[PDB]
Amino acid sequence: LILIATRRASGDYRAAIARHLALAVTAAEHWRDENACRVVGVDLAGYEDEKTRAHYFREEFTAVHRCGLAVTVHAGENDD
Amino acid sequence: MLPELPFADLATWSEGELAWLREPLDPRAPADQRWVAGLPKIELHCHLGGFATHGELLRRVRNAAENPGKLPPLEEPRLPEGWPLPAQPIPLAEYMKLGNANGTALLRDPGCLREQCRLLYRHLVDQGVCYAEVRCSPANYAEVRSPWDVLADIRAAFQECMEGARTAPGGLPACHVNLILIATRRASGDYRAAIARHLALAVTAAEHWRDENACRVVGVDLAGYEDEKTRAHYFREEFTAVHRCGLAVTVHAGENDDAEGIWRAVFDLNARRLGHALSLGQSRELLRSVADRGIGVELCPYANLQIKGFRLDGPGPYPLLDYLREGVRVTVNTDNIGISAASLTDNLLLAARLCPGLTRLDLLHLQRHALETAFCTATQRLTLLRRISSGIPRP
Amino acid sequence: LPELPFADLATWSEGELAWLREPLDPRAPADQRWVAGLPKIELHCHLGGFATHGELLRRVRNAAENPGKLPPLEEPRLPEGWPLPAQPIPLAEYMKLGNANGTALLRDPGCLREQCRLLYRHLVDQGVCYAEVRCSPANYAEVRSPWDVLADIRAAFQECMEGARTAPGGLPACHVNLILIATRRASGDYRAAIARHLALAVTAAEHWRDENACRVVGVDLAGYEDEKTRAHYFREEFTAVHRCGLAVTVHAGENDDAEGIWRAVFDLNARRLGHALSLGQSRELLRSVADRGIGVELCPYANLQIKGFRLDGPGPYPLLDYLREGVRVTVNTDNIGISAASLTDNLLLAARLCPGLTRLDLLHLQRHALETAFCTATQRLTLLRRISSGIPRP
């Protein structure tokens with residue numbers, strides 16, 4: 001399994017995405033059975049806000065990477 | 001005729017016992033001791049790993065392990081000479097060592113873990129406390145089951161205790177206990193990962209249990225004194241995530257004071273309830289801000305007496321009265337019942353002795369300050385206020 | 001019978017409490033006389049919007065110290081039925097209204113002295129016990145320094161309470177404080193104004209350090225939307241100011257939604273919010289605010305005049321909803337002159353914005369101001385004893 005960021009901004013990114021990250025790392029730590037379905041990573045999706053993006057960026061990356069979960073990234077409408 | 005009082009005199013009492021609250025509380029004779037025991041007290045600083053540390057209490061939990069003999073044998077680390085109210089302060093590291101019998105080593109099997117928190121509720125209801133926030137570290141208990149498994153086990157056990165004793169006035173709720181996840185302690189070479197794992201565990205748990213009135217995790221308390229001292233230099237981003245979702249940060253200072261760090265801890269981390277912030281007089285402006293902006297200062301007199309001398313009845317004097325005089329909302333708590341070998345009722349009675357001058361009415365303020373500093377929804381806090389607005393015995 | 005906010009309320013007999021738990025008719029003459037004597041306290045004023053028409057303006061207009069350049073008397077024509085207007089008016093028109101004073105005649109040092117001292121006498125006969133009038137010295141300064149303006153503003157209040165407030169215990173008249181409100185868009189970069197505004201406030205708080213005298217406490221960081229991001233961009237500055245003893249408030253006002261509330265409550269550590277009549281629709285955000293204890297400032301007449309709420313049955317006024325969950329929300333008047341309504345008018349009107357407002361709710365709404373006021377701990381207890389003197393019955 002892999003968990004995706006929630007749309008329909010409510011709490012914008014901080015409230016919506018932190019729970020998504022917190023759910024993943026808790027679930028990844030819940031099932032260590034290598035021969036069983038378990039959470040293996042996340043993606044970021046929801047992005048493109050004001051200059052506070054880096055603060056959200058530096059927060060989202062740090063927590064997951066310290067744990068060591070895999071990270072994917074989706075590309076929005078514009079693929080600059 | 002009546003003064004302001006904490007909660008409007010609970011629809012008044014007679015002139016006879018108005019003066020009774022005025023005189024200082026001397027912890028002598030049954031009359032004084034019996035009254036506090038009947039109070040509906042409230043604590044906010046209690047560790048689950050600091051219970052049943054010695055005596056028969058240890059025996060009951062030890063023999064209730066689901067796997068009968070797997071755990072290390074019986075041993076009770078001897079308490080120092082007159083350990084309740086000792087004559088010589090001891091370092092914190094040794095004090096933490098008095099609980100090797102009951103803790104990480106013992107609470108490994110759900111059979112004993114359920115039992116350990118089984119009689120905590122019995123002890124709390126026996127103490128007359130209505131609202132408590134037992135601290136726990138599920139990360140310390142992880143061999144085959146997840147840390148989430150342990151936390152779910154603890155929550156279910158309290159509900160079993162909470163539903164078994166579904167009594168007392170109101171909606172018959174008896175005593176309500178919440179959970180505060182206290183760090184990871186064991187930093188086996190990877191501390192930043194552990195604190196990241198721990199913080200996100202609460203966020204998932206808090207969202208998992210959003211029910212109206214039942215046991216649920218209400219906040220975290222990072223004890224950041226990391227390998228590089230200040231961990232908030234990197235933990236500022238992590239603390240922001242958990243703070244936005246909900247929960248309450250109740251960082252406890254404890255070691256080495258560092259009022260300069262407290263400034264950094266109180267504001268940047270947006271802490272809501274400081275811990276053993278014993279020394280604040282030398283930082284006059286810091287105390288005023290904490291006095292003005294509502295931030296609780298949890299206190300544990302027995303633990304402070306066991307860690308610091310304080311020379312009760314002739315470090316300086318105990319700052320509880322001074323903190324109360326200035327107006328900062330401070331609370332009396334228990335820390336570890338088993339390690340300190342003292343109940344909460346002992347804590348309050350001993351609190352007066354540490355500072356000659358605590359009137360019989362100040363303890364009401366201590367219970368008052370506990371209510372506002374409690375991590376609970378406002379709807380239930382009013383009900384807690386109503387319970388406090390009664391159930392207190394007129395002498 | 002059960003617990004209730006103040007202490008002397010429980011002293012009342014059961015007959016009074018029957019009059020307590022019932023909805024108050026604003027049109028009832030007995031009710032109007034009741035709240036008039038009620039020792040209420042208010043938070044959200046604007047000083048500059050004190051006098052706008054009538055004898056109040058002429059009182060300060062002729063009180064100038066050198067009238068050779070005072071602008072003429074083009075008193076703006078207020079809309080028909082201006083208290084309870086026909087339909088909502090834009091904020092820009094609202095601010096434009098009352099242009100007669102502000103940066104028109106307060107620039108005169110003598111004229112400003114009358115304007116502020118006249119406001120104080122408008123308070124004592126209004127029953128207000130404690131006030132936190134908000135001033136913008138940078139606006140009222142062309143040749144003299146802004147610090148001089150704040151020096152005169154503080155001194156005039158002090159002298160207006162040096163003798164009037166004998167302070168023999170229970171009668172220090174009405175004790176007032178000052179909140180440095182951010183100045184509007186001056187001709188130039190607003191970043192310098194914001195920096196100077198905070199710099200002016202910080203040194204002011206440490207210049208009048210006593211408690212009995214009027215002192216500067218508080219500063220807001222709200223204005224427009226480009227400046228709203230600018231303040232968030234320079235959020236490191238807000239860290240310094242509120243560590244010096246200056247509690248920061250935020251005037252959410254327009255386009256507050258959730259981000260503005262989220263930013264204010266956490267990034268800037270705001271201890272009180274301005275017009276924030278949108279907390280209800282986000283549910284969880286309102287739940288978060290209630291637990292934190294952040295105060296909410298709601299001034300009904302301004303909220304009715306600009307937003308429009310069709311009182312006596314834009315959605316419903318959130319007053320009962322706010323008091324239900326428990327967010328500490330208070331009543332205010334915004335600026336007295338523009339709304340042309342005193343405190344007592346606002347209190348009574350709040351009862352008819354929406355069906356409800358029992359007397360306990362009105363006292364609870366009164367108490368939240370005491371809880372979220374920027375006074376010190378000793379001052380707060382002094383108020384609480386003093387506030388516990390409300391009119392019990394006819």
# chains A, B, ... in the order shown; residues from 1 in each chain; ligands from 1

$ interface_residues --of "chain A" --to "chain B" --cutoff "7 Å" --atoms "only C-alpha atoms" --output "VMD selection string"
chain A and resid 14 to 15 18 to 19 22 to 23 25 to 26 29 to 30 59 63 66 to 67

$ residues_around --residues "segment 44-57 of chain A" --least-positions-apart "5" --cutoff "9 Å" --atoms "only C-alpha atoms" --output "list in words"
residues 4, 5, 6, 7, 9, 13, 14, 17, 62, 71, 72, 73, 74, 75 and 76 of chain A; 237 and 241 of chain B; 229 and 233 of chain C

$ write_last_selection --atoms "C-alpha atoms" --output "PDB file, in the first residue's frame"
ATOM      1  CA  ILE A   4      -1.867   9.815  -1.094  1.00  0.00           C
ATOM      2  CA  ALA A   5      -2.349  13.363   0.134  1.00  0.00           C
ATOM      3  CA  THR A   6      -5.921  14.534   0.609  1.00  0.00           C
ATOM      4  CA  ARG A   7      -7.568  17.104  -1.642  1.00  0.00           C
ATOM      5  CA  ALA A   9      -8.278  21.836   1.322  1.00  0.00           C
ATOM      6  CA  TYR A  13      -1.734  21.409   3.937  1.00  0.00           C
ATOM      7  CA  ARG A  14      -0.615  21.415   7.573  1.00  0.00           C
ATOM      8  CA  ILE A  17      -1.139  16.294   5.041  1.00  0.00           C
ATOM      9  CA  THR A  62      12.090  15.276   7.323  1.00  0.00           C
ATOM     10  CA  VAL A  71       8.601   8.733  -1.212  1.00  0.00           C
ATOM     11  CA  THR A  72       7.007   9.286  -4.606  1.00  0.00           C
ATOM     12  CA  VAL A  73       5.949  12.595  -6.131  1.00  0.00           C
ATOM     13  CA  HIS A  74       3.055  13.293  -8.474  1.00  0.00           C
ATOM     14  CA  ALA A  75       3.162  16.038 -11.099  1.00  0.00           C
ATOM     15  CA  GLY A  76       0.365  18.593 -11.309  1.00  0.00           C
TER      16      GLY A  76
ATOM     17  CA  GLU B 237       8.786  21.788  11.737  1.00  0.00           C
ATOM     18  CA  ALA B 241       2.483  19.547  12.193  1.00  0.00           C
TER      19      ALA B 241
ATOM     20  CA  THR C 229       1.172  38.018   3.435  1.00  0.00           C
ATOM     21  CA  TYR C 233       6.601  36.857   5.442  1.00  0.00           C
TER      22      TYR C 233
END

$ residues_around --residues "residue 292 of chain B" --least-positions-apart "3" --cutoff "7 Å" --atoms "only C-alpha atoms" --output "PyMOL selection string"
(chain B and resi 288-289) or (chain C and resi 376-377)

$ write_last_selection --atoms "C-alpha atoms" --output "PDB file, in the first residue's frame"
ATOM      1  CA  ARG B 288       5.128  37.481  34.359  1.00  0.00           C
ATOM      2  CA  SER B 289       4.490  36.256  30.811  1.00  0.00           C
TER       3      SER B 289
ATOM      4  CA  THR C 376      -2.045  42.031  34.673  1.00  0.00           C
ATOM      5  CA  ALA C 377      -2.979  39.301  37.143  1.00  0.00           C
TER       6      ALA C 377
END

$ closest_residue --among "B:392, B:376, B:65, B:182" --to "chain C" --atoms "only C-alpha atoms"
B:376

$ closest_atom_pairs --of "chain B" --to "chain C" --cutoff "6 Å" --atoms "only C-alpha atoms" --output "tab-separated table"
residue	atom	partner	partner_atom	distance
B:8	CA	C:7	CA	4.1
B:11	CA	C:10	CA	5.7
B:327	CA	C:377	CA	5.9

$ select_by_dssp --residues "chain A" --states "alpha helix (DSSP H)" --output "VMD selection string"
chain A and resid 14 to 30 53 to 67

$ select_by_dssp --residues "segment 141-361 of chain C" --states "strand (DSSP E or B)" --output "number ranges by chain"
C: 175-176, 178-180, 216-220, 248-250, 272-273, 295-298, 329-331, 358

$ residues_around --residues "residue 158 of chain C" --least-positions-apart "3" --cutoff "7 Å" --atoms "only C-alpha atoms" --output "PyMOL selection string"
chain C and resi 154-155+161-162+213-214

$ write_last_selection --atoms "N, CA, C and O atoms" --output "short mmCIF file (atom, residue, chain, number, x, y, z; two decimals), in the first residue's frame"
data_model
loop_
_atom_site.label_atom_id
_atom_site.label_comp_id
_atom_site.auth_asym_id
_atom_site.auth_seq_id
_atom_site.Cartn_x
_atom_site.Cartn_y
_atom_site.Cartn_z
N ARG C 154 -1.04 59.13 25.79
CA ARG C 154 -0.94 58.51 27.11
C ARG C 154 -1.12 59.54 28.21
O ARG C 154 -1.83 59.31 29.20
N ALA C 155 -0.46 60.70 28.07
CA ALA C 155 -0.54 61.72 29.11
C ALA C 155 -1.97 62.23 29.27
O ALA C 155 -2.44 62.42 30.39
N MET C 161 -7.44 60.52 34.10
CA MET C 161 -7.65 59.59 35.19
C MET C 161 -6.71 59.84 36.36
O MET C 161 -6.69 59.03 37.29
N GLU C 162 -5.92 60.91 36.33
CA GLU C 162 -5.13 61.26 37.50
C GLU C 162 -6.02 61.80 38.61
O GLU C 162 -5.90 61.39 39.77
N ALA C 213 -1.02 53.36 36.30
CA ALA C 213 -1.18 54.34 35.24
C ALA C 213 -1.50 53.64 33.92
O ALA C 213 -1.21 52.46 33.72
N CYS C 214 -2.10 54.40 33.00
CA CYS C 214 -2.35 53.89 31.67
C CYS C 214 -1.03 53.55 30.99
O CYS C 214 -0.10 54.35 30.99
#

$ residues_around --residues "residue 48 of chain B" --least-positions-apart "6" --cutoff "9 Å" --atoms "only C-alpha atoms" --output "PyMOL selection string"
chain B and resi 103+116-117+120+134-137+336-337

$ closest_residue --among "B:127, B:159, B:12, B:88" --to "residue 342 of chain B" --atoms "only C-alpha atoms"
B:127

$ closest_residue --among "C:322, C:50, C:234, C:301" --to "chain A" --atoms "only C-alpha atoms"
C:234

$ residues_around --residues "residue 39 of chain A" --least-positions-apart "5" --cutoff "7 Å" --atoms "only C-alpha atoms" --output "list in words"
residues 1, 2, 24, 27 and 28 of chain A

$ closest_residue --among "C:338, C:286, C:363, C:204" --to "chain A" --atoms "only C-alpha atoms"
C:286

$ closest_residue --among "A:79, A:11, A:3, A:36" --to "chain C" --atoms "only C-alpha atoms"
A:11

$ residues_around --residues "segment 174-191 of chain C" --least-positions-apart "6" --cutoff "7 Å" --atoms "only C-alpha atoms" --output "PDB file with N, CA and C atoms, in the first residue's frame"
ATOM      1  N   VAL C 124     -17.043  56.899  31.264  1.00  0.00           N
ATOM      2  CA  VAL C 124     -17.488  56.810  32.652  1.00  0.00           C
ATOM      3  C   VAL C 124     -19.008  56.872  32.737  1.00  0.00           C
ATOM      4  N   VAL C 128     -18.437  51.855  31.347  1.00  0.00           N
ATOM      5  CA  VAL C 128     -17.319  50.982  31.015  1.00  0.00           C
ATOM      6  C   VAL C 128     -16.307  51.019  32.150  1.00  0.00           C
ATOM      7  N   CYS C 129     -15.927  49.841  32.641  1.00  0.00           N
ATOM      8  CA  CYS C 129     -14.974  49.766  33.742  1.00  0.00           C
ATOM      9  C   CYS C 129     -13.535  49.730  33.244  1.00  0.00           C
ATOM     10  N   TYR C 130     -13.291  49.050  32.127  1.00  0.00           N
ATOM     11  CA  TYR C 130     -11.945  48.863  31.609  1.00  0.00           C
ATOM     12  C   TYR C 130     -11.995  48.949  30.094  1.00  0.00           C
ATOM     13  N   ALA C 131     -11.005  49.616  29.505  1.00  0.00           N
ATOM     14  CA  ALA C 131     -11.000  49.835  28.069  1.00  0.00           C
ATOM     15  C   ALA C 131      -9.600  49.624  27.514  1.00  0.00           C
ATOM     16  N   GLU C 132      -9.551  49.286  26.231  1.00  0.00           N
ATOM     17  CA  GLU C 132      -8.317  49.068  25.489  1.00  0.00           C
ATOM     18  C   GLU C 132      -8.387  49.776  24.145  1.00  0.00           C
ATOM     19  N   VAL C 133      -8.731  51.066  24.189  1.00  0.00           N
ATOM     20  CA  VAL C 133      -8.852  51.866  22.978  1.00  0.00           C
ATOM     21  C   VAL C 133      -7.596  51.737  22.127  1.00  0.00           C
ATOM     22  N   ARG C 134      -7.791  51.633  20.817  1.00  0.00           N
ATOM     23  CA  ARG C 134      -6.718  51.380  19.865  1.00  0.00           C
ATOM     24  C   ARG C 134      -6.395  52.669  19.123  1.00  0.00           C
ATOM     25  N   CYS C 135      -5.114  53.018  19.068  1.00  0.00           N
ATOM     26  CA  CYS C 135      -4.666  54.264  18.467  1.00  0.00           C
ATOM     27  C   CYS C 135      -3.526  54.006  17.491  1.00  0.00           C
ATOM     28  N   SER C 136      -3.388  54.907  16.520  1.00  0.00           N
ATOM     29  CA  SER C 136      -2.351  54.828  15.490  1.00  0.00           C
ATOM     30  C   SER C 136      -1.601  56.151  15.444  1.00  0.00           C
ATOM     31  N   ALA C 138       1.219  57.064  14.284  1.00  0.00           N
ATOM     32  CA  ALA C 138       1.881  57.398  13.028  1.00  0.00           C
ATOM     33  C   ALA C 138       0.960  58.189  12.113  1.00  0.00           C
ATOM     34  N   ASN C 139      -0.338  57.893  12.155  1.00  0.00           N
ATOM     35  CA  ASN C 139      -1.289  58.642  11.343  1.00  0.00           C
ATOM     36  C   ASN C 139      -1.356  60.101  11.771  1.00  0.00           C
ATOM     37  N   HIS C 197       6.071  50.751  13.422  1.00  0.00           N
ATOM     38  CA  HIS C 197       4.927  50.531  14.300  1.00  0.00           C
ATOM     39  C   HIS C 197       5.285  49.589  15.441  1.00  0.00           C
ATOM     40  N   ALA C 201       5.810  50.411  19.470  1.00  0.00           N
ATOM     41  CA  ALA C 201       5.082  49.728  20.532  1.00  0.00           C
ATOM     42  C   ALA C 201       6.028  49.104  21.547  1.00  0.00           C
ATOM     43  N   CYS C 214      -2.102  54.400  33.004  1.00  0.00           N
ATOM     44  CA  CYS C 214      -2.353  53.889  31.666  1.00  0.00           C
ATOM     45  C   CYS C 214      -1.035  53.551  30.987  1.00  0.00           C
ATOM     46  N   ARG C 215      -0.963  52.359  30.404  1.00  0.00           N
ATOM     47  CA  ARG C 215       0.256  51.914  29.753  1.00  0.00           C
ATOM     48  C   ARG C 215      -0.096  51.227  28.446  1.00  0.00           C
ATOM     49  N   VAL C 216       0.876  51.205  27.544  1.00  0.00           N
ATOM     50  CA  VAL C 216       0.714  50.548  26.254  1.00  0.00           C
ATOM     51  C   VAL C 216       0.848  49.047  26.446  1.00  0.00           C
ATOM     52  N   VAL C 217      -0.169  48.303  26.024  1.00  0.00           N
ATOM     53  CA  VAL C 217      -0.110  46.847  25.981  1.00  0.00           C
ATOM     54  C   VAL C 217      -0.898  46.389  24.763  1.00  0.00           C
ATOM     55  N   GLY C 218      -0.283  45.556  23.934  1.00  0.00           N
ATOM     56  CA  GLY C 218      -0.970  45.045  22.770  1.00  0.00           C
ATOM     57  C   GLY C 218      -0.605  45.727  21.471  1.00  0.00           C
ATOM     58  N   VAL C 219      -0.684  44.979  20.376  1.00  0.00           N
ATOM     59  CA  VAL C 219      -0.438  45.502  19.039  1.00  0.00           C
ATOM     60  C   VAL C 219      -1.011  44.504  18.045  1.00  0.00           C
ATOM     61  N   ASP C 220      -1.656  45.013  17.002  1.00  0.00           N
ATOM     62  CA  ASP C 220      -2.253  44.152  15.991  1.00  0.00           C
ATOM     63  C   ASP C 220      -1.399  44.133  14.732  1.00  0.00           C
ATOM     64  N   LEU C 221      -1.575  43.079  13.940  1.00  0.00           N
ATOM     65  CA  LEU C 221      -0.811  42.873  12.716  1.00  0.00           C
ATOM     66  C   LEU C 221      -1.736  42.553  11.552  1.00  0.00           C
TER      67      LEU C 221
END

$ closest_residue --among "C:85, C:120, C:52, C:97" --to "residue 165 of chain C" --atoms "only C-alpha atoms"
C:120

$ atom_distance --atom1 "atom CA of residue 102 of chain C" --atom2 "atom CA of residue 254 of chain C"
22.2 Å

$ atom_distance --atom1 "atom CA of residue 151 of chain B" --atom2 "atom CA of residue 180 of chain B"
10.7 Å
